[PDB]
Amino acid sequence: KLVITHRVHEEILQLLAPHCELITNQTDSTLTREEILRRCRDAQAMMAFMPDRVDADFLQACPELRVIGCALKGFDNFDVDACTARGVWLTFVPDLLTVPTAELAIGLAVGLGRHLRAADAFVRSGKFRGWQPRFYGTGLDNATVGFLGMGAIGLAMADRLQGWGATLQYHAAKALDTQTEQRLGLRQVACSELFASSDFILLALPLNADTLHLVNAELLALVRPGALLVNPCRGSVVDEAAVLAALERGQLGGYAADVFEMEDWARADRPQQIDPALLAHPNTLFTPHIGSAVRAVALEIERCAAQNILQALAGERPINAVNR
């Protein structure tokens, strides 16, 4: 018995069908936590998506569970240790999400830098009347781009920015080997230096206890006036309220984000919404967690999660297991 909480490609149902009894959700809807939990009561397997939160109380109510196959990279809403305590494999997708998310993050950098939203609303209002000196903005040429985090998305973005004439630097918990540093023209800097010397700041790190509200009032206070911040990872890696305050005083030049604190279900004090004053600020650009919203990629993400689930159900160690 396998529960799939959200819609997947028919080809994926067909790969699963001969090994598993499928309890599926082929709608564009997200079901309530209580319905998902009802479906998983006697389930051996769960295919889990971004809206899902799995904790000890969840696992306790589902004693037959052998594997959670997550169709995602950041498992921050899944209690890994609780999974391991109850003999449950926790599985993720380590690479397939990286490229479309990195593409979006560059696009958001450029869009934020060039006042794309405002520019577009201006043409659409039928007020455009040929060239004027207006909407002057920030490009990547001769700029300094700093990466917080240098794993999959950091590296993919660094690859993609090779021809953009920018100076690249990064801060991470784990250093790149210096060979890769030379080849990508990356300089490793301290976090303070990162925030003080970067015209663009691209966040590329997971959400965990140590990264929660890491990007706070203190780090923001170090930024060059007009610096641009882009968040393609997890909302709670920044203090959205400190981001707002930084924008209102004019020090932060722009915040663009694909992700929001309000999505981070594992948090007891999770905000119920994005602050209306952040939505209203002109120096912003937002997308609704579409980092990997390419259909062709979704198929492969679904397939990878499916493969992991079938491996676990066959007694094997899943290739992308997150626990041991």
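Start at 1 with the first residue shown and count on from there.
Worksheet entry | 92-100 versus 176-184 - greater average Cα B-factor per the deposited record | It is 176-184.
Worksheet item: Mean C-alpha B-factor higher for 105-113, or for 212-220?
Response: The stretch with the larger average C-alpha B-factor is 212-220.
Worksheet item: Say you rank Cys40, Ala298, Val259, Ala256 by Cα B-factor from the PDB entry; which sits at the top?
Response: That would be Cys40, according to the entry.
Fill in: Within-chain third of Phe195 by Cα B-factor, per the entry
Middle third - that is where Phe195 ends up once the chain's C-alpha B-factors are sorted.
Worksheet item: Against its chain's modelled residues, does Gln26's Cα B factor rank lowest, middle or highest third?
Response: As the PDB entry reports it, the C-alpha B-factor of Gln26 lands in the middle third of its chain.
Item to complete: Sorting the chain's modelled residues by C-alpha B-factor, tell me whether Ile4 ends up in the lowest, middle or highest third.
Response: Lowest third.
Item to complete: Can you work out whether the C-alpha temperature factor of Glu248 puts it in the lowest, middle or highest third of the chain?
Response: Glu248: CA B-factor falls in the highest third of its chain.
Item to complete: Compare the C-alpha B factor of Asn231 with those of the other modelled residues in its chain, then answer lowest, middle or highest third.
Response: It falls in the bottom third of the chain.
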